[PDB]
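Only one structure is covered here, and it is reproduced in the block below.
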Amino acid sequence: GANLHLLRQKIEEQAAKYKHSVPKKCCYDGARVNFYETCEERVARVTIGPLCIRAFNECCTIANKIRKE
């Protein structure tokens, strides 16, 4: 199915753009598969902080786009 190799390396590239651990983890969390909600739906649930929200949304978007194709 989806290129999971590419998936992991693209997410790691994105998490590396963040300075601190928590936004990195928000990235990895956003990148996890969710069959029932879009990335906007999912990130709308998160209120930890602006940088966490941004990383979550960015990595979700990256992950789902890779899955889509």
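Letters for chains follow the order of the structure tokens (A, B, ...), residue numbers begin at 1 for each chain, and ligand numbers begin at 1 in the order shown.
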>> What's around residue 26 of chain A at 8 Å? Count only C-alpha atoms, leave out sequence neighbours fewer than 3 positions away in its own chain, and write the answer as a list in words.
In response: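 Counting only the stated atoms, we get residues 22, 23, 29, 30, 52, 53, 55 and 56 of chain A.
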Selected residues written out, N, CA, C and O atoms, as a PDB file, in the first residue's frame:
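The new file out-v6.pdb reads:
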```pdb
ATOM      1  N   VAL A  22       8.208  18.346  22.810  1.00  0.00           N
ATOM      2  CA  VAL A  22       6.748  18.246  22.773  1.00  0.00           C
ATOM      3  C   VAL A  22       6.174  18.507  21.370  1.00  0.00           C
ATOM      4  O   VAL A  22       5.344  17.727  20.907  1.00  0.00           O
ATOM      5  N   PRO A  23       6.610  19.585  20.684  1.00  0.00           N
ATOM      6  CA  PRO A  23       6.083  19.725  19.319  1.00  0.00           C
ATOM      7  C   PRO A  23       6.476  18.564  18.403  1.00  0.00           C
ATOM      8  O   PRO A  23       5.695  18.205  17.530  1.00  0.00           O
ATOM      9  N   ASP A  29       2.394  12.244  16.656  1.00  0.00           N
ATOM     10  CA  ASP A  29       1.021  11.892  17.006  1.00  0.00           C
ATOM     11  C   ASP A  29       0.047  12.233  15.884  1.00  0.00           C
ATOM     12  O   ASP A  29      -0.850  11.452  15.572  1.00  0.00           O
ATOM     13  N   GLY A  30       0.226  13.404  15.282  1.00  0.00           N
ATOM     14  CA  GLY A  30      -0.615  13.818  14.175  1.00  0.00           C
ATOM     15  C   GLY A  30      -0.458  12.915  12.971  1.00  0.00           C
ATOM     16  O   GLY A  30      -1.394  12.724  12.194  1.00  0.00           O
ATOM     17  N   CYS A  52       2.537  23.034  19.195  1.00  0.00           N
ATOM     18  CA  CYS A  52       2.091  21.651  19.159  1.00  0.00           C
ATOM     19  C   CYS A  52       1.003  21.483  18.098  1.00  0.00           C
ATOM     20  O   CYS A  52       1.017  20.528  17.328  1.00  0.00           O
ATOM     21  N   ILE A  53       0.071  22.431  18.063  1.00  0.00           N
ATOM     22  CA  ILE A  53      -1.018  22.415  17.094  1.00  0.00           C
ATOM     23  C   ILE A  53      -0.481  22.467  15.665  1.00  0.00           C
ATOM     24  O   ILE A  53      -0.924  21.717  14.793  1.00  0.00           O
ATOM     25  N   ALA A  55       2.596  21.684  14.519  1.00  0.00           N
ATOM     26  CA  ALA A  55       3.315  20.456  14.201  1.00  0.00           C
ATOM     27  C   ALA A  55       2.356  19.295  13.956  1.00  0.00           C
ATOM     28  O   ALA A  55       2.568  18.490  13.050  1.00  0.00           O
ATOM     29  N   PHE A  56       1.314  19.203  14.777  1.00  0.00           N
ATOM     30  CA  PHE A  56       0.310  18.154  14.631  1.00  0.00           C
ATOM     31  C   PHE A  56      -0.346  18.257  13.255  1.00  0.00           C
ATOM     32  O   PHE A  56      -0.418  17.277  12.517  1.00  0.00           O
TER      33      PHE A  56
END
```
Can you tell me which residues surround residue 32 of chain A at a distance of at most 9 Å, considering only C-alpha atoms, apart from same-chain residues fewer than 3 positions away, and format the answer as a PDB file with C-alpha atoms, in the first residue's frame?
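The resulting file, result-v9.pdb, is shown below:
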```pdb
ATOM      1  CA  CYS A  27       4.053  15.825  14.986  1.00  0.00           C
ATOM      2  CA  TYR A  28       4.477  12.073  15.406  1.00  0.00           C
ATOM      3  CA  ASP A  29       1.021  11.892  17.006  1.00  0.00           C
ATOM      4  CA  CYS A  59       2.605  16.156  10.035  1.00  0.00           C
ATOM      5  CA  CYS A  60      -0.965  14.917   9.787  1.00  0.00           C
ATOM      6  CA  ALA A  63       1.117  11.638   6.410  1.00  0.00           C
ATOM      7  CA  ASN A  64      -2.400  11.582   4.939  1.00  0.00           C
TER       8      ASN A  64
END
```
> Counting only C-alpha atoms, what is within 8 Å of residue 10 of chain A, bar same-chain residues fewer than 4 positions away, as an MDAnalysis selection string?
Replying inline: chainID A and resid 6 14 62
> Which residues in chain A does DSSP call helix (DSSP H, G or I)? List them as a PyMOL selection string.
Replying inline: chain A and resi 4-15+21-30+39-43+50-68
> Which value, in Å to one decimal, gives the distance between atom CA of residue 54 of chain A and atom CA of residue 37 of chain A?
Replying inline: 17.1 Å
> How far is it from atom CA of residue 48 of chain A to atom CA of residue 15 of chain A, in Å with one decimal?
Replying inline: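 These atoms are spaced 16.7 Å apart.
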> Contacts of residue 66 of chain A at 9 Å or less, counting only C-alpha atoms, minus same-chain residues fewer than 6 places along, as an MDAnalysis selection string?
Replying inline: chainID A and resid 2:4 6:7
Write the residues you've just listed into a file as a PDB file, in the first residue's frame, and include N, CA and C atoms for each of them.
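This went into again.pdb:
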```pdb
ATOM      1  N   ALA A   2       0.556   2.155   0.939  1.00  0.00           N
ATOM      2  CA  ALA A   2       1.276   3.419   1.040  1.00  0.00           C
ATOM      3  C   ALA A   2       2.751   3.196   1.357  1.00  0.00           C
ATOM      4  N   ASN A   3       3.600   4.067   0.826  1.00  0.00           N
ATOM      5  CA  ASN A   3       5.031   3.990   1.083  1.00  0.00           C
ATOM      6  C   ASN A   3       5.337   4.391   2.519  1.00  0.00           C
ATOM      7  N   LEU A   4       5.342   3.410   3.417  1.00  0.00           N
ATOM      8  CA  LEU A   4       5.571   3.666   4.836  1.00  0.00           C
ATOM      9  C   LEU A   4       7.003   4.116   5.101  1.00  0.00           C
ATOM     10  N   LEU A   6       8.763   6.078   3.059  1.00  0.00           N
ATOM     11  CA  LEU A   6       8.744   7.504   2.764  1.00  0.00           C
ATOM     12  C   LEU A   6       7.994   8.241   3.852  1.00  0.00           C
ATOM     13  N   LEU A   7       6.904   7.633   4.297  1.00  0.00           N
ATOM     14  CA  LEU A   7       6.084   8.196   5.349  1.00  0.00           C
ATOM     15  C   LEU A   7       6.918   8.535   6.581  1.00  0.00           C
TER      16      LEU A   7
END
```
